[PDB]
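Text of work.csv (CSV, N, CA and C atoms) as supplied:
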```
chain,number,residue,atom,x,y,z
A,1,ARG,N,2.5,-13.4,6.6
A,1,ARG,CA,3.5,-12.7,5.7
A,1,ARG,C,2.8,-11.4,5.3
A,2,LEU,N,3.6,-10.4,5.2
A,2,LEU,CA,3.2,-9.1,4.8
A,2,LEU,C,3.9,-8.7,3.5
A,3,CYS,N,3.0,-8.3,2.5
A,3,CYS,CA,3.5,-7.9,1.2
A,3,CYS,C,3.1,-6.5,0.9
A,4,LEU,N,3.7,-5.9,-0.1
A,4,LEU,CA,3.3,-4.5,-0.5
A,4,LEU,C,2.2,-4.7,-1.6
A,5,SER,N,1.3,-3.7,-1.6
A,5,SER,CA,0.3,-3.7,-2.6
A,5,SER,C,0.7,-2.6,-3.6
A,6,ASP,N,1.3,-1.5,-3.1
A,6,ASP,CA,1.8,-0.4,-3.9
A,6,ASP,C,3.0,0.1,-3.2
A,7,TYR,N,3.9,0.7,-3.9
A,7,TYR,CA,5.1,1.4,-3.4
A,7,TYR,C,5.5,2.6,-4.2
A,8,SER,N,5.8,3.7,-3.6
A,8,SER,CA,6.3,4.9,-4.3
A,8,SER,C,7.3,5.7,-3.3
A,9,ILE,N,7.5,7.0,-3.6
A,9,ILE,CA,8.2,7.9,-2.8
A,9,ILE,C,8.7,7.4,-1.4
A,10,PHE,N,7.9,7.7,-0.4
A,10,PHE,CA,7.6,6.7,0.6
A,10,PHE,C,6.1,6.7,0.9
A,11,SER,N,5.4,6.1,0.0
A,11,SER,CA,4.0,5.7,0.3
A,11,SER,C,4.0,4.3,-0.1
A,12,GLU,N,3.8,3.4,0.9
A,12,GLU,CA,3.6,2.0,0.7
A,12,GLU,C,2.3,1.5,1.2
A,13,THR,N,1.6,0.7,0.4
A,13,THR,CA,0.4,0.1,0.7
A,13,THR,C,0.7,-1.4,1.2
A,14,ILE,N,0.3,-1.7,2.4
A,14,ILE,CA,0.7,-3.0,3.0
A,14,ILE,C,-0.6,-3.8,3.2
A,15,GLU,N,-0.4,-5.1,2.9
A,15,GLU,CA,-1.4,-6.1,3.1
A,15,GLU,C,-0.9,-7.3,3.9
A,16,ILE,N,-1.8,-8.0,4.5
A,16,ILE,CA,-1.4,-9.3,5.2
A,16,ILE,C,-1.8,-10.5,4.4
A,17,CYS,N,-0.9,-11.4,4.2
A,17,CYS,CA,-1.1,-12.5,3.3
A,17,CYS,C,-2.0,-13.6,3.9
A,18,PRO,N,-2.9,-14.2,3.1
A,18,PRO,CA,-3.7,-15.4,3.5
A,18,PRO,C,-2.8,-16.5,4.1
A,19,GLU,N,-3.4,-17.4,4.8
A,19,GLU,CA,-2.7,-18.5,5.4
A,19,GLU,C,-2.1,-19.3,4.3
A,20,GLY,N,-0.8,-19.7,4.5
A,20,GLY,CA,-0.1,-20.6,3.5
A,20,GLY,C,0.6,-19.8,2.4
A,21,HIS,N,0.2,-18.5,2.3
A,21,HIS,CA,0.8,-17.6,1.3
A,21,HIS,C,1.9,-16.9,2.0
A,22,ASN,N,3.2,-17.3,1.7
A,22,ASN,CA,4.3,-16.7,2.4
A,22,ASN,C,5.3,-16.1,1.4
A,23,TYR,N,4.8,-15.9,0.1
A,23,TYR,CA,5.6,-15.2,-0.9
A,23,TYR,C,5.0,-13.9,-1.2
A,24,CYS,N,5.8,-12.9,-1.5
A,24,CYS,CA,5.3,-11.6,-2.1
A,24,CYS,C,5.8,-11.6,-3.5
A,25,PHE,N,5.0,-11.1,-4.4
A,25,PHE,CA,5.5,-11.0,-5.8
A,25,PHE,C,5.4,-9.6,-6.3
A,26,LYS,N,6.1,-9.3,-7.4
A,26,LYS,CA,5.9,-8.1,-8.2
A,26,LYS,C,5.9,-8.4,-9.7
A,27,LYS,N,4.9,-7.9,-10.4
A,27,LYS,CA,4.8,-8.2,-11.8
A,27,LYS,C,4.9,-6.8,-12.6
A,28,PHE,N,5.8,-6.8,-13.6
A,28,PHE,CA,5.9,-5.6,-14.4
A,28,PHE,C,6.3,-6.0,-15.8
A,29,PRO,N,6.0,-5.1,-16.8
A,29,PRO,CA,6.2,-5.4,-18.2
A,29,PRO,C,7.7,-5.3,-18.6
A,30,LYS,N,8.1,-5.9,-19.8
A,30,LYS,CA,9.5,-5.9,-20.1
A,30,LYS,C,10.1,-4.8,-21.0
A,31,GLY,N,9.3,-4.3,-21.9
A,31,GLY,CA,9.8,-3.1,-22.7
A,31,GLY,C,9.2,-1.7,-22.4
A,32,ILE,N,8.6,-1.6,-21.2
A,32,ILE,CA,7.9,-0.3,-20.9
A,32,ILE,C,8.7,0.5,-19.9
A,33,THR,N,9.2,1.7,-20.3
A,33,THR,CA,9.7,2.6,-19.2
A,33,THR,C,8.9,3.8,-19.0
A,34,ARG,N,8.0,4.1,-19.9
A,34,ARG,CA,7.2,5.3,-19.9
A,34,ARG,C,5.9,5.0,-19.0
A,35,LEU,N,6.1,5.0,-17.7
A,35,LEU,CA,5.1,4.8,-16.7
A,35,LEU,C,4.4,3.5,-16.9
A,36,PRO,N,5.0,2.4,-16.5
A,36,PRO,CA,4.4,1.1,-16.6
A,36,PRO,C,3.5,0.7,-15.5
A,37,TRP,N,2.5,-0.1,-15.8
A,37,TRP,CA,1.8,-0.7,-14.8
A,37,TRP,C,2.7,-1.6,-13.9
A,38,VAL,N,2.4,-1.7,-12.6
A,38,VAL,CA,3.1,-2.7,-11.8
A,38,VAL,C,2.1,-3.4,-10.9
A,39,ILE,N,2.2,-4.7,-10.9
A,39,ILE,CA,1.4,-5.6,-10.0
A,39,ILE,C,2.1,-6.2,-8.8
A,40,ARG,N,1.5,-6.1,-7.6
A,40,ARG,CA,2.0,-6.6,-6.4
A,40,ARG,C,1.0,-7.4,-5.6
A,41,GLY,N,1.4,-8.3,-4.8
A,41,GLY,CA,0.5,-9.1,-4.0
A,41,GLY,C,1.2,-10.3,-3.3
A,42,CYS,N,0.4,-11.1,-2.7
A,42,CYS,CA,0.8,-12.3,-1.9
A,42,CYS,C,0.7,-13.5,-2.8
A,43,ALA,N,1.4,-14.6,-2.5
A,43,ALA,CA,1.4,-15.8,-3.3
A,43,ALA,C,1.8,-17.0,-2.5
A,44,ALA,N,1.2,-18.2,-2.8
A,44,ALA,CA,1.6,-19.4,-2.2
A,44,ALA,C,2.8,-20.0,-2.9
A,45,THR,N,2.9,-19.7,-4.2
A,45,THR,CA,4.0,-20.1,-5.0
A,45,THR,C,4.3,-19.0,-5.9
A,46,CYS,N,5.6,-18.8,-6.3
A,46,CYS,CA,6.1,-17.8,-7.3
A,46,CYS,C,5.2,-17.9,-8.5
A,47,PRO,N,4.5,-16.8,-8.9
A,47,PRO,CA,3.7,-16.7,-10.1
A,47,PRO,C,4.6,-17.1,-11.3
A,48,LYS,N,4.0,-17.8,-12.3
A,48,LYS,CA,4.8,-18.0,-13.5
A,48,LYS,C,4.7,-16.8,-14.3
A,49,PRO,N,5.7,-16.4,-15.0
A,49,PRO,CA,5.7,-15.2,-15.8
A,49,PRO,C,5.0,-15.4,-17.1
A,50,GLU,N,4.6,-14.2,-17.7
A,50,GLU,CA,3.9,-14.2,-19.0
A,50,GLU,C,4.8,-13.6,-20.1
A,51,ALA,N,4.4,-13.7,-21.3
A,51,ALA,CA,5.3,-13.3,-22.5
A,51,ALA,C,6.2,-12.1,-22.2
A,52,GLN,N,5.7,-10.9,-22.2
A,52,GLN,CA,6.6,-9.8,-22.0
A,52,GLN,C,6.4,-9.3,-20.6
A,53,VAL,N,6.7,-10.1,-19.6
A,53,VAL,CA,6.5,-9.8,-18.2
A,53,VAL,C,7.6,-10.4,-17.4
A,54,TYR,N,8.2,-9.7,-16.4
A,54,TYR,CA,9.0,-10.2,-15.3
A,54,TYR,C,8.1,-10.4,-14.1
A,55,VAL,N,8.5,-11.4,-13.2
A,55,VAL,CA,7.8,-11.5,-11.9
A,55,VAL,C,9.0,-11.6,-10.9
A,56,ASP,N,9.0,-10.7,-9.9
A,56,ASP,CA,9.9,-10.8,-8.8
A,56,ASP,C,9.1,-11.7,-7.8
A,57,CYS,N,9.9,-12.6,-7.2
A,57,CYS,CA,9.3,-13.4,-6.1
A,57,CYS,C,10.2,-13.4,-5.0
A,58,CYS,N,9.8,-13.0,-3.8
A,58,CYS,CA,10.6,-12.9,-2.6
A,58,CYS,C,9.8,-13.4,-1.4
A,59,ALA,N,10.5,-13.6,-0.3
A,59,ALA,CA,9.8,-14.3,0.9
A,59,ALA,C,10.2,-13.6,2.2
A,60,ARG,N,10.1,-12.3,2.3
A,60,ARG,CA,10.2,-11.5,3.5
A,60,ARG,C,9.2,-10.5,3.6
A,61,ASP,N,8.9,-9.9,4.8
A,61,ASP,CA,7.8,-8.9,4.9
A,61,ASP,C,8.1,-7.7,4.1
A,62,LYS,N,7.2,-7.4,3.2
A,62,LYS,CA,7.2,-6.1,2.5
A,62,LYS,C,8.5,-6.0,1.6
A,63,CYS,N,8.8,-7.2,1.0
A,63,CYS,CA,10.0,-7.3,0.2
A,63,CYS,C,9.9,-6.9,-1.3
A,64,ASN,N,8.6,-7.0,-1.8
A,64,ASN,CA,8.4,-6.8,-3.2
A,64,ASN,C,8.4,-5.3,-3.6
A,65,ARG,N,9.5,-4.6,-3.6
A,65,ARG,CA,9.5,-3.2,-4.0
A,65,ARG,C,10.2,-3.1,-5.3
B,1,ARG,N,3.7,16.8,12.5
B,1,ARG,CA,3.3,16.2,11.3
B,1,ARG,C,1.8,16.4,11.2
B,2,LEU,N,1.3,16.7,10.0
B,2,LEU,CA,-0.1,16.9,9.6
B,2,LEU,C,-0.6,15.8,8.8
B,3,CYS,N,-1.7,15.2,9.2
B,3,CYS,CA,-2.4,14.1,8.4
B,3,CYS,C,-3.8,14.5,8.1
B,4,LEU,N,-4.4,13.8,7.2
B,4,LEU,CA,-5.8,14.0,6.8
B,4,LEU,C,-6.6,13.1,7.7
B,5,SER,N,-7.8,13.6,8.1
B,5,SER,CA,-8.8,12.9,8.8
B,5,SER,C,-9.8,12.4,7.9
B,6,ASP,N,-10.1,13.2,6.9
B,6,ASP,CA,-11.1,12.9,5.8
B,6,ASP,C,-10.6,13.6,4.6
B,7,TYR,N,-10.9,13.1,3.4
B,7,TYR,CA,-10.7,13.7,2.1
B,7,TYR,C,-11.7,13.4,1.1
B,8,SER,N,-12.2,14.4,0.3
B,8,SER,CA,-13.2,14.2,-0.7
B,8,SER,C,-12.9,15.3,-1.8
B,9,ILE,N,-14.0,15.6,-2.7
B,9,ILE,CA,-14.0,16.6,-3.7
B,9,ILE,C,-12.8,17.5,-3.7
B,10,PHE,N,-12.9,18.7,-3.1
B,10,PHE,CA,-11.8,19.2,-2.2
B,10,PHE,C,-12.5,19.7,-0.9
B,11,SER,N,-12.7,18.7,-0.1
B,11,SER,CA,-13.0,19.0,1.3
B,11,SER,C,-12.0,18.0,2.0
B,12,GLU,N,-11.0,18.6,2.7
B,12,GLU,CA,-10.1,17.8,3.5
B,12,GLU,C,-10.2,18.2,5.0
B,13,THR,N,-10.2,17.2,5.8
B,13,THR,CA,-10.2,17.4,7.3
B,13,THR,C,-8.7,17.2,7.8
B,14,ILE,N,-8.1,18.2,8.4
B,14,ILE,CA,-6.7,18.2,8.7
B,14,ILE,C,-6.6,18.1,10.2
B,15,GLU,N,-5.6,17.3,10.7
B,15,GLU,CA,-5.2,17.2,12.1
B,15,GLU,C,-3.7,17.3,12.3
B,16,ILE,N,-3.3,17.7,13.5
B,16,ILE,CA,-1.9,17.8,13.8
B,16,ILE,C,-1.5,16.6,14.7
B,17,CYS,N,-0.5,15.9,14.3
B,17,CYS,CA,-0.1,14.6,14.9
B,17,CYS,C,0.6,14.8,16.3
B,18,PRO,N,0.3,13.9,17.2
B,18,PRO,CA,1.0,13.9,18.5
B,18,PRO,C,2.5,13.9,18.4
B,19,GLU,N,3.2,14.3,19.4
B,19,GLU,CA,4.7,14.2,19.4
B,19,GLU,C,5.1,12.8,19.1
B,20,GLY,N,6.1,12.6,18.2
B,20,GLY,CA,6.7,11.3,17.9
B,20,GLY,C,5.9,10.6,16.8
B,21,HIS,N,4.7,11.0,16.6
B,21,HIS,CA,3.9,10.5,15.5
B,21,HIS,C,4.2,11.2,14.2
B,22,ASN,N,4.9,10.6,13.3
B,22,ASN,CA,5.3,11.3,12.1
B,22,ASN,C,4.8,10.6,10.8
B,23,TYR,N,4.0,9.6,11.0
B,23,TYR,CA,3.4,8.9,9.9
B,23,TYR,C,1.9,9.2,9.8
B,24,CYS,N,1.4,9.3,8.6
B,24,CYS,CA,0.0,9.4,8.3
B,24,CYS,C,-0.4,8.1,7.7
B,25,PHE,N,-1.5,7.5,8.1
B,25,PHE,CA,-2.0,6.3,7.5
B,25,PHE,C,-3.3,6.4,6.9
B,26,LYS,N,-3.7,5.5,6.0
B,26,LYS,CA,-5.0,5.3,5.5
B,26,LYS,C,-5.5,3.9,5.4
B,27,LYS,N,-6.6,3.6,6.0
B,27,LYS,CA,-7.1,2.2,6.1
B,27,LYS,C,-8.4,2.0,5.3
B,28,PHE,N,-8.4,1.0,4.4
B,28,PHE,CA,-9.6,0.8,3.6
B,28,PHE,C,-9.8,-0.7,3.3
B,29,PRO,N,-11.0,-1.2,3.1
B,29,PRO,CA,-11.2,-2.6,2.9
B,29,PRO,C,-10.8,-3.1,1.5
B,30,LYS,N,-10.7,-4.5,1.3
B,30,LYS,CA,-10.1,-4.9,0.1
B,30,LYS,C,-11.1,-5.3,-1.1
B,31,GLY,N,-12.3,-5.9,-0.7
B,31,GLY,CA,-13.2,-6.1,-1.8
B,31,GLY,C,-14.4,-5.2,-1.9
B,32,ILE,N,-14.3,-4.0,-1.3
B,32,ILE,CA,-15.5,-3.1,-1.3
B,32,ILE,C,-15.3,-2.0,-2.4
B,33,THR,N,-16.2,-1.8,-3.4
B,33,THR,CA,-16.2,-0.6,-4.1
B,33,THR,C,-17.4,0.2,-3.9
B,34,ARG,N,-18.4,-0.4,-3.4
B,34,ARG,CA,-19.7,0.3,-3.3
B,34,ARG,C,-19.7,1.1,-2.0
B,35,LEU,N,-19.1,2.2,-2.0
B,35,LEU,CA,-19.0,3.2,-1.0
B,35,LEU,C,-18.4,2.6,0.3
B,36,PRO,N,-17.1,2.4,0.3
B,36,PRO,CA,-16.4,1.8,1.4
B,36,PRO,C,-16.1,2.8,2.5
B,37,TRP,N,-16.1,2.3,3.8
B,37,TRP,CA,-15.5,3.0,4.9
B,37,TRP,C,-14.0,3.3,4.6
B,38,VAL,N,-13.5,4.4,5.0
B,38,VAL,CA,-12.1,4.7,4.9
B,38,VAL,C,-11.6,5.3,6.2
B,39,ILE,N,-10.5,4.8,6.8
B,39,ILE,CA,-9.9,5.3,8.0
B,39,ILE,C,-8.6,6.0,7.9
B,40,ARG,N,-8.5,7.2,8.4
B,40,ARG,CA,-7.3,8.0,8.3
B,40,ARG,C,-6.8,8.5,9.7
B,41,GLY,N,-5.6,8.8,9.8
B,41,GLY,CA,-5.0,9.3,11.1
B,41,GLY,C,-3.5,9.4,11.1
B,42,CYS,N,-3.0,9.7,12.3
B,42,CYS,CA,-1.6,9.8,12.6
B,42,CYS,C,-1.1,8.5,13.2
B,43,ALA,N,0.2,8.2,13.1
B,43,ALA,CA,0.8,7.0,13.6
B,43,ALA,C,2.3,7.2,13.9
B,44,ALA,N,2.7,6.5,15.0
B,44,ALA,CA,4.1,6.5,15.3
B,44,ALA,C,4.9,5.5,14.5
B,45,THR,N,4.1,4.4,14.1
B,45,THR,CA,4.6,3.4,13.2
B,45,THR,C,3.5,2.9,12.3
B,46,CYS,N,3.9,2.5,11.1
B,46,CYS,CA,2.9,2.0,10.1
B,46,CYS,C,2.0,1.0,10.7
B,47,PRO,N,0.7,1.2,10.8
B,47,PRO,CA,-0.3,0.2,11.3
B,47,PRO,C,-0.1,-1.1,10.6
B,48,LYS,N,-0.2,-2.2,11.4
B,48,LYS,CA,-0.2,-3.5,10.7
B,48,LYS,C,-1.6,-3.7,10.1
B,49,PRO,N,-1.7,-4.3,8.9
B,49,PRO,CA,-3.0,-4.5,8.3
B,49,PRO,C,-3.7,-5.7,8.9
B,50,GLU,N,-5.0,-5.7,8.6
B,50,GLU,CA,-6.0,-6.7,9.0
B,50,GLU,C,-6.4,-7.5,7.8
B,51,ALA,N,-7.1,-8.7,8.1
B,51,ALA,CA,-7.5,-9.6,7.0
B,51,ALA,C,-7.8,-9.0,5.7
B,52,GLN,N,-8.9,-8.4,5.6
B,52,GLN,CA,-9.4,-7.9,4.3
B,52,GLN,C,-9.2,-6.4,4.3
B,53,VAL,N,-8.0,-5.9,4.6
B,53,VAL,CA,-7.7,-4.5,4.7
B,53,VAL,C,-6.4,-4.1,4.2
B,54,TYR,N,-6.3,-3.0,3.4
B,54,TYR,CA,-5.0,-2.4,3.1
B,54,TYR,C,-4.7,-1.2,4.0
B,55,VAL,N,-3.5,-1.0,4.3
B,55,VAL,CA,-3.1,0.3,5.1
B,55,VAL,C,-2.0,1.0,4.2
B,56,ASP,N,-2.3,2.2,3.9
B,56,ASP,CA,-1.3,3.1,3.3
B,56,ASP,C,-0.6,3.7,4.4
B,57,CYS,N,0.7,3.8,4.3
B,57,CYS,CA,1.5,4.5,5.3
B,57,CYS,C,2.5,5.4,4.6
B,58,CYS,N,2.4,6.7,4.9
B,58,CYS,CA,3.3,7.7,4.3
B,58,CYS,C,3.8,8.7,5.4
B,59,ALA,N,4.7,9.5,5.0
B,59,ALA,CA,5.5,10.4,6.0
B,59,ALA,C,5.7,11.8,5.5
B,60,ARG,N,4.6,12.4,5.0
B,60,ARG,CA,4.6,13.8,4.6
B,60,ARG,C,3.3,14.5,5.0
B,61,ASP,N,3.3,15.8,5.1
B,61,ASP,CA,2.1,16.5,5.6
B,61,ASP,C,0.9,16.2,4.6
B,62,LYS,N,-0.2,15.7,5.2
B,62,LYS,CA,-1.4,15.6,4.4
B,62,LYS,C,-1.3,14.7,3.3
B,63,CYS,N,-0.4,13.6,3.4
B,63,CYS,CA,-0.1,12.7,2.4
B,63,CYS,C,-1.1,11.5,2.2
B,64,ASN,N,-1.8,11.2,3.2
B,64,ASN,CA,-2.8,10.0,3.1
B,64,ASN,C,-4.1,10.3,2.4
B,65,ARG,N,-4.1,10.5,1.1
B,65,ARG,CA,-5.3,10.7,0.4
B,65,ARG,C,-5.6,9.5,-0.4
```
As structure tokens, the full file:
Amino acid sequence: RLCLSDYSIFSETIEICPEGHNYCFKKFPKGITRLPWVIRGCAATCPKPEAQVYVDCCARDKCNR
Amino acid sequence: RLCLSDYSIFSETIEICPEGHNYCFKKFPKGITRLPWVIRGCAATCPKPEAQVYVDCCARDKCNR
């Protein structure tokens, strides 16, 4: 499985997932619009979210944008 | 298309991409901070990544920094 590490304009950073990891996730904060941190990577299971955080979880190549 | 071959301070090494190659890429390892190798060049398609490697893939002149 291939996930994105970063995504912008069209600049995407691509990684190949470890064995058994077939999910791509994206983590971002809930009340931030003024240039928020965003976290991406591979996962064996959809990451559980934290207090003020959403996690996108998807299962296709380079899906977490 | 023009891609970077090397980039630093402000010293950039510039190349002109072959016909049909309109992507610039950048390849770098995943757990290395202590002066890592970095690979840059032109591409017809975004290079697939390797085990412990990220590949940036972008589509503008001299975009892979």
Kindly extract all protein, DNA and RNA residues lying within 7 Å of the coordinates (-12.0, -7.7, 0.1) given in the file, considering all atoms listed in the file, and supply them as a PDB file with N, CA and C atoms, in the coordinates of the input.
```pdb
ATOM      1  N   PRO B  29     -11.000  -1.200   3.100  1.00  0.00           N
ATOM      2  CA  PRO B  29     -11.200  -2.600   2.900  1.00  0.00           C
ATOM      3  C   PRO B  29     -10.800  -3.100   1.500  1.00  0.00           C
ATOM      4  N   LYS B  30     -10.700  -4.500   1.300  1.00  0.00           N
ATOM      5  CA  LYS B  30     -10.100  -4.900   0.100  1.00  0.00           C
ATOM      6  C   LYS B  30     -11.100  -5.300  -1.100  1.00  0.00           C
ATOM      7  N   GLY B  31     -12.300  -5.900  -0.700  1.00  0.00           N
ATOM      8  CA  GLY B  31     -13.200  -6.100  -1.800  1.00  0.00           C
ATOM      9  C   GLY B  31     -14.400  -5.200  -1.900  1.00  0.00           C
ATOM     10  N   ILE B  32     -14.300  -4.000  -1.300  1.00  0.00           N
ATOM     11  CA  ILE B  32     -15.500  -3.100  -1.300  1.00  0.00           C
ATOM     12  C   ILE B  32     -15.300  -2.000  -2.400  1.00  0.00           C
ATOM     13  N   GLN B  52      -8.900  -8.400   5.600  1.00  0.00           N
ATOM     14  CA  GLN B  52      -9.400  -7.900   4.300  1.00  0.00           C
ATOM     15  C   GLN B  52      -9.200  -6.400   4.300  1.00  0.00           C
ATOM     16  N   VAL B  53      -8.000  -5.900   4.600  1.00  0.00           N
ATOM     17  CA  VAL B  53      -7.700  -4.500   4.700  1.00  0.00           C
ATOM     18  C   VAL B  53      -6.400  -4.100   4.200  1.00  0.00           C
TER      19      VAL B  53
END
```
Please report, as a tab-separated table, each residue of chain A lying at most 6 Å from chain B, together with the nearest pair of atoms and the separation in Å rounded to one decimal; use only N, CA and C atoms, and order rows by chain and ascending residue number.
```
residue	atom	partner	partner_atom	distance
A:10	C	B:58	CA	4.5
A:11	CA	B:58	CA	4.5
A:12	C	B:57	N	4.2
A:13	CA	B:56	CA	4.3
A:14	N	B:55	C	4.0
A:15	CA	B:54	CA	5.2
A:16	N	B:49	CA	5.3
```
In chain B, what's strand (DSSP E) per DSSP? Answer as a PyMOL selection string?
chain B and resi 2-7+12-16+23-29+39-43+53-58
Around the point (-4.1, 14.0, 8.2) in the file's coordinates, collect all residues with an atom within 5 Å, using all atoms listed in the file, and return them as a ChimeraX atom specification.
/B:2-5,14-15,62
So the first atom is atom CA of residue 8 of chain B and the second is atom C of residue 38 of chain B; what is the distance between them in Å, to one decimal place?
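Going from atom CA of residue 8 of chain B over to atom C of residue 38 of chain B covers 11.4 Å.
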Considering only C-alpha atoms, can you say which of B:23, B:36, B:43, B:28 comes closest to residue 61 of chain B?
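Ranked by minimum distance to residue 61 of chain B, first place goes to B:23.
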Just to confirm, what's the straight-line distance from atom C of residue 44 of chain A to atom C of residue 33 of chain B in Å (one decimal)?
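It comes out at 28.6 Å.
Going from atom CA of residue 37 of chain B to atom CA of residue 9 of chain A covers 25.4 Å.
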